[PDB]
Amino acid sequence: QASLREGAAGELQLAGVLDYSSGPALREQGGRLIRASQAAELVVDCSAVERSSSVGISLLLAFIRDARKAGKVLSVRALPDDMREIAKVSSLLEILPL
Amino acid sequence: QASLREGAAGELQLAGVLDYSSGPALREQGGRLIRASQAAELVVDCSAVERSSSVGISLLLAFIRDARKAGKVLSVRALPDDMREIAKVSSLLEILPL
Amino acid sequence: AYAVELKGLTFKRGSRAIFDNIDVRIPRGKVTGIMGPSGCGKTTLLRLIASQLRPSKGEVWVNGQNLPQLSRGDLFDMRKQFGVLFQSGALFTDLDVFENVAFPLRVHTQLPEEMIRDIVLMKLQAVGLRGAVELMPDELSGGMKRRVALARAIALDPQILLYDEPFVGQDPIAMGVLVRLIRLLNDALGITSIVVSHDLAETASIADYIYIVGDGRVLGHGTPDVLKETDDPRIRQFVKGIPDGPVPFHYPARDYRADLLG
Amino acid sequence: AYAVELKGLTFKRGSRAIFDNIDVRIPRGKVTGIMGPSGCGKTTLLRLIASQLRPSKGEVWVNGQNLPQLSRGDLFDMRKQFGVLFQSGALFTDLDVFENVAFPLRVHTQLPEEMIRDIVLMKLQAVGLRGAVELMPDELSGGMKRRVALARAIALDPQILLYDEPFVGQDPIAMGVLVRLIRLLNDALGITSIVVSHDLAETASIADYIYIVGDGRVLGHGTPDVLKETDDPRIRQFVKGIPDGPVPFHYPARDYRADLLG
Amino acid sequence: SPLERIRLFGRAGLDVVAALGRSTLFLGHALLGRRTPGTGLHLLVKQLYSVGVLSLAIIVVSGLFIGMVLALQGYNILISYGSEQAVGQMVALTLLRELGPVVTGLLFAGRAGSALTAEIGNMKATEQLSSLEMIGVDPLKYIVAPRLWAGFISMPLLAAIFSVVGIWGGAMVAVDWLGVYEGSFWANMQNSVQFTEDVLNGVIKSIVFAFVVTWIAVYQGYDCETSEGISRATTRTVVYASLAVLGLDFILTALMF
Amino acid sequence: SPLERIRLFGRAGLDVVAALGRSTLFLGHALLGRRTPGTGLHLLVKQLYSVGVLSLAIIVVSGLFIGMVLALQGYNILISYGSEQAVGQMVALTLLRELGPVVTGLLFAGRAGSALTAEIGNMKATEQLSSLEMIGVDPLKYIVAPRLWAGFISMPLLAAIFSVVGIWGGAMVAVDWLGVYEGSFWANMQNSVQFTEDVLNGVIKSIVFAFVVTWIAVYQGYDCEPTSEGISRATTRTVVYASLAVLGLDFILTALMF
Ligand SMILES: CCCCCCCCCCCCCCCC(=O)OC[C@H](COP(=O)(O)O)OC(=O)CCCCCCCCCCCCCCC
Ligand SMILES: CCCCCCCCCCCCCCCC(=O)OC[C@H](COP(=O)(O)O)OC(=O)CCCCCCCCCCCCCCC
């Protein structure tokens, strides 16, 4: 359903539906195959994200737990308001930086 | 403790505190002894009742079950306040002839 | 002048300090209440003033002579003064409803088995359950299984009576009759009542001198409306919803960043 | 449209007629609440919309298509749409808290074990009970043994989630935190919530379109205010105390004068 | 952690040796404390109906089945010894000397060693017992003392009925389908049974783990916590009572072969 | 009413066969229905620990006790005849073909015949067994199927362990407490048991109960009415019915092979 492109050299973009099915596949194809480049300060722009849920939050959340491992830093920009709600529900407000 | 007298002419008196102690004593001493010697209209008067519990009402309700066996009609006069309340809770106000 | 006076009671169960130096006075004729958070020992403070449990130190003063300083043959006579209505009924599954309600009478009193029927009935027509005088507590519905227990309690015509969690977990059409009965018994008969339940709204609606118990000590006491604006942090957290306050809403986790990122 | 619709539904247990031609229409996004007297089987209406019990006849439009007319290959996928919350938690005693909240993830979804950890933690966080991610359900007090079950429910982000008498039998604190949690859930996530609890005094606050269920049929429906003045005898007897009414207060005794004398 | 596991094992070892103490004090308070105001013989009769008369349909059929098993087996192991007539002196020895009295323990402690602890634990959980002290009646001598007296005087009768039905079943199957001469069967049986060393021995052997089965069936229910507490206490009493049937069987038969 | 008394008796009698049919339907749906998502072998392992390994102490102490009882009893009975040197044949014959599986039935149906019923009963009555249907995991193939498969393959092993410990603890009293020739004990033992006629016979007799004890110990727990008393009554119905089934099916399975 969703895809991960434009990475390994800068801004890494997201696709629309981050459901439970597209969870592990997107994670794997983004977890290392994109992050391991060590190119610059990665920006993950979730612009064209139509629908998502907590699986998407953990996806964005697993996205950083390896940057913390790989030394580089990344932050999310244009976080969609639905995932904004899913995060605001839990005490997670600034644990995910933006 | 208790007492019971004034038979064969109505005006069936009753003494003070009627508890579990004075229950069966008065119950028997009025059940058959007094009841036999009686004539019609059987006025029972619990005037000098210092205090009484529901055993007192049961006793006053033991005078009705045998008056129906004895045939003599009966009614209760000078009913106290405590017995009044113990009756009002069980709503057997009409059950006791006044 | 008060019905139940607790002079410096203290209770511990295996060095637990379930109650430390508590001193509560219950006013005669007034339907008081006691309550508190989950597990503050209200149930124990009940069995304590009823001499089902022995106070480690202190004394429960009831209607004059204090209970735990008497002979068995005397405390047994004092048992005529108070009954107890436990939630979930506490009905004797062996005996039918009639013998069930007559049980406290067949113990303290040797009365004619024809006179006991009158007391049972008049004490069951009051609580309403004069019909199923022959059913078994196994068959009584979960609702009326408690009103017959109340009938058993008000047998012997006690002077005080205790209520363990009466209006908790029942439809309002049954909690309605139960609270009406708890207020009627106090008003009509003029007998003390000690409601022990954490149904805040209802207890505050019925109780006269409500006390609150928390984690081993008396958390103040007074009339209901007074405790609604006492501003005691724990008490104002209790008597309102206000999920967070002195009692922590969160569990002692390690760190929201650590447990998630490491 | 609507979340749950039961057009012309009924159900019986060995010719007992638990529900006869009943009908309920649940609005998506709002916290509807059904309730009724002791023994109307509200919980039985709960499990119907959850496809735990098969309806005798009717159809249950849950989030669109009806449930009892689906293959298991699609009903099992529709199970992802809704959770539940039974009182006393209904926690798996075999699994500690972490697996207890990860269980719905370890069934419908095949996610990397580390993603399950992040999801469960961010879920146990919202429900507060995050610290005891390694405790066992027997170690958890009855107050927090329910919030962890709620966390299990809200896993997978269900679009609707039922509640089986959540706030019944707990202090005003552990009930306040739970009602705050269901409020935060429905309001923020924008997910339906069907509070099936006979305790009206508390539900009337958190009810948007509260229903009533009794004697096996839909006993009116509306917002809490319009049911406080419903003018329906049985329903006005329910929504307030008023012990005696269409539901009796006494038992069908033969006669008081009969039993007392003869 | 090893040290904490050893601490917990020592704690359990102190508990079990303290539980026996608490159980003995409870039995003492139950059997000869005082005369409670509400007691009588009607309680003993009622609990004798729940303990014994309801446990008749289990041990009678058990006696029948184990009797035909004992006969149909010994005859097979004796068909090669030539003494197929000693079957009588077997189904009246094994089913009397050891297996008949023991199986009545393993079974009475399953029907009335478990139902007893459930009925006397659910009482503690539904507040029944705690609501008995407020009425003034001693719960031990009203609720548990009739259980003890209905277990003491109904397990020996159960064992006697079990042995009688087992002997008769072994007869019925030894004569009908096995064709053994009924005359020689009953003859050898009546001859080599030695009342004073087998019948009374089985009876005292049954009284021992009657006193010890009803004791730990009643106590384990007077000392349980909740439905999960009772659902575990009934398993605990079934296990402890089967263990105290077999162990007391060994200890007693060692004192009198 | 006497006529209504007979009505109630016939009602209970028909209820028994109705429940038996419901139980075999439940067993069918449990053993071979379908592979549910939550199912796995770890379930079987956990239950094998909850059913068998916890039931090892009871069955082993029982084996030792019942073995020394069997020996110390037969030695007395054989003393009068003079063939005491064959006591080893006796215990290995009774405690291996009749008293072994029967007592381990009466005992495995006591601990794991009541623990199982009370456990899955308390499951049913705390909605833990119903809340599994909402998640989609069929409870049969998750809650009871590992119980059934941990009763089928843990009662025969329990019976083998029980018979082994009973034989050894019979030797331990015939030899080092009553003084017979240990070599004679073991030798006369292994000449008159005929494995294919007694050992495998006892193993089959134990398997048949293993199937019929863990089936009426998990059904009676999946069928108890959901309360704190229905469960305390089911954990007695299951002990009664399982002891009765052990005894009856052992009678059958020994009349089928003497
Ligand atoms: C002719 C002589 C008369 C016979 C006299 C009868 C003796 C009575 C003794 C019975 C002891 C039981 C006390 C009550 C137990 C209780 O309720 O106490 C119950 C507690 C339970 O505590 P928990 O709460 O921790 O589970 O402990 C037990 O479970 C005890 C287990 C009972 C086992 C008894 C077996 C005794 C024989 C052992 C064999 C010895 C081995 C040697 C072999 C080489
Ligand atoms: C001389 C004639 C006398 C002989 C009589 C013969 C008796 C035969 C034995 C009886 C059986 C006892 C069972 C008691 C259970 C009960 O009553 O049943 C009672 C319960 C219902 O009772 P409730 O009312 O509590 O629901 O039913 C069940 O639990 C259902 C399961 C019972 C299983 C029956 C045994 C099945 C046999 C399978 C053998 C094949 C195995 C091979 C597989 C490899």
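Quick reminder, even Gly has a Cβ in these numbers, built from the backbone with ideal geometry, and neighbours come from all protein chains shown. Only the coordinates and a few stated rules stand behind these numbers; no lab work does.
Tabulated results
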quantity: Inter-site label distance for residue F:39 and residue C:257 at 7 Å from Cα along Cβ, in nm; calculated: 4.7
quantity: Residue-averaged 222 nm ellipticity for chain A, from DSSP H runs of 4+ at -39500 (n - 2.57), nearest 500; calculated: -11500 deg cm²/dmol
quantity: Relative packing of F:194-203, F:132-141, E:230-239, which averages over residues the other C-beta atoms within 10 Å, highest first; calculated: E:230-239, F:132-141, F:194-203
quantity: Within chain B: Cβ-based charge dipole about Cα centre, in debye rounded to nearest 20 (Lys, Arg +1; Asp, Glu -1); calculated: 380
quantity: Other protein chain Cβ atoms within 10 Å, averaged over every residue that makes up B:59-70; calculated: 3
quantity: Rounded, prolate or oblate (a/c below 1.5 giving rounded, otherwise prolate when a/b exceeds b/c) for chain E by Cα gyration tensor; calculated: prolate
quantity: Residue D:75 paired with residue E:29, simple spin-label distance in nm, labels 7 Å along Cα-to-beta-carbon; calculated: 5.4
quantity: Estimated FRET transfer efficiency (residue D:188, residue A:25; beta-carbon r; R0 41 Å; 0.05); calculated: 0.90
quantity: Shielding of E:120-130 by partner chains, average beta-carbon count, 10 Å; calculated: 6
quantity: Förster-model FRET efficiency, 30 Å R0, residue C:93 and residue D:56, C-beta, rounded to 0.05; calculated: 0.30
quantity: Ranked by how many other beta carbons lie within 10 Å on average, peptides E:174-185, A:43-54, D:169-180 from highest; calculated: D:169-180, A:43-54, E:174-185
quantity: Shape call, the stretch F:197-241: gyration tensor on alpha carbons, a/c limit 1.5; calculated: prolate
quantity: Within 10 Å of each Cβ in F:56-66, the average number of Cβ atoms from other chains; calculated: 4
quantity: Positive dipole terminus of the protein assembly as shown, leading residue within D:141, B:46, F:238 (C-beta point charges); calculated: B:46
quantity: Label-point separation, residue A:85 to residue F:19 (7 Å along Cα→Cβ), nm; calculated: 5.1
quantity: Helix runs (DSSP H) in chain F reaching 20 Å along axis by Cα, Kyte-Doolittle at least 0.5; calculated: F:2-32, F:56-81, F:155-174, F:195-216, F:228-255
quantity: Cα Rg over Rh - the stretch C:2-261, Kirkwood; calculated: 1.02
quantity: Cα-Cα separations in the stretch C:150-262 greater than 18 Å, expressed as whole percent; calculated: 61
quantity: Rounded to 10°, Cα long-axis angle of helix D:113-126 versus longest principal axis of chain D; calculated: 40
quantity: Top positive-direction residue, dipole computed over the protein assembly as shown with Cβ charges, set D:212, F:41, F:29; calculated: D:212
quantity: Taking all pairs of distinct alpha-carbon atoms in the stretch C:31-80, Kirkwood radius in angstrom; calculated: 12.1
quantity: Estimated [θ] at 222 nm from DSSP helical runs (n ≥ 4, -39500 (n - 2.57)) normalised by residues in chain E, nearest 500; calculated: -25000 deg cm²/dmol
quantity: Net charge dipole size for chain F [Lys, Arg +1 and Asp, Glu -1 on Cβ; Debye, nearest 20]; calculated: 700
quantity: Ranked F:149, E:215, criterion: other C-beta atoms within 10 Å, fewest first; calculated: F:149, E:215
quantity: For chain C, calculated [θ]222 nm from helices alone, where every DSSP H run of n ≥ 4 adds -39500 (n - 2.57); calculated: -8000 deg cm²/dmol
quantity: Computed over the protein assembly as shown, Kirkwood Rh from alpha-carbon pairs, angstrom; calculated: 34.6
quantity: Protection-proxy order for peptides E:57-69, D:91-103, C:240-252, each taking the mean of Cβ atoms within 10 Å per residue, highest first; calculated: E:57-69, D:91-103, C:240-252
quantity: Estimated dipole of the protein assembly as shown in Debye, rounded to 20 [Cβ of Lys and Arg +1, of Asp and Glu -1, Cα centre]; calculated: 680
quantity: The stretch F:1-132: C-alpha gyration tensor shape, a/c 1.5 cut-off, then a/b vs b/c; calculated: oblate
quantity: Dipole axis of the protein assembly as shown (+1 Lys, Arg; -1 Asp, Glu on Cβ), positive-most option in E:210, A:24, C:173; calculated: C:173
quantity: Sorted by Cβ density within 10 Å, fewest first, the residues E:248, F:20, D:124, C:9; calculated: F:20, E:248, C:9, D:124
quantity: Diffusion coefficient, µm² s⁻¹, Stokes-Einstein with Kirkwood Rh over alpha-carbon pairs of chain A at 4 °C and 1.567 mPa s; calculated: 98
quantity: The stretch B:4-90 - percent relative contact order, Cα under 8 Å, separation 6 or more; calculated: 34
quantity: Cross-link table E:46/E:141; C:123/C:145; B:88/C:123; D:80/D:145; D:123/D:145; C:12/C:57, entries beyond 18 Å C-alpha to C-alpha; calculated: D:80/D:145
